[PDB]
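S.K.: My questions all concern the structure below.
All Cβ positions, even for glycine, are placed from backbone atoms using ideal geometry, and neighbour counts span all protein chains on display. Just so you know, all these numbers are worked out from the coordinates, no wet-lab data involved.
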Amino acid sequence: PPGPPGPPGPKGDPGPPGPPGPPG
Amino acid sequence: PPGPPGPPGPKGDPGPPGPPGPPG
Amino acid sequence: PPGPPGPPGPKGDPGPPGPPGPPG
C-alpha cells in the first residue's frame, strides 16, 4: 500500500501591510 | 509493506492584511 | 517491497497578520 500523506506544508508569509491611518 | 510518508505539503497562503496605521 | 511514498501533505496554514500600515 501507498504510505501516509506527508506532513502539513510550511505556514504562509506574514500578510500585506495594513492601510494608512485615517485622515485628520 | 506500507510505503513511507509523502513529502511536505505546499506552502500556505499569505496572512491577513495588517491593521490600519496610526493617525497623523 | 515497501509500497510507494504517500501523497504530498496538506497545504500549509495561512501566515500571521501583516504589520501596521503607514502613519495617516
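S.K.: For residues that are loosely packed, with under 15 Cβ neighbours inside 10 Å and within 17 Å of B:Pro8 (Cα to Cα), tally how many sit in chain A. Let's see the steps before the verdict.
M.R.: Start the filter on chain A by keeping residues that are loosely packed, with under 15 Cβ neighbours inside 10 Å, which leaves A:1-2, A:22-24.
The next check asks that each one be within 17 Å of B:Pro8 (Cα to Cα); those that pass are A:2.
Total meeting the criteria: 1.
S.K.: What are the pairs, 6+ residues apart or on separate chains, where a residue within the range A:1-13 that is of a type in the set (D, E, K, R) has its Cβ under 6 Å from a residue that is assigned to a loop (DSSP other than H, G, I, E, B)?
M.R.: Taking only residues 6 or more apart or on different chains, the pairs are A:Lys11/B:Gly12; A:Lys11/C:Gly12; A:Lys11/C:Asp13; A:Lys11/C:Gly15; A:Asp13/B:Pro14; A:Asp13/C:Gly15.
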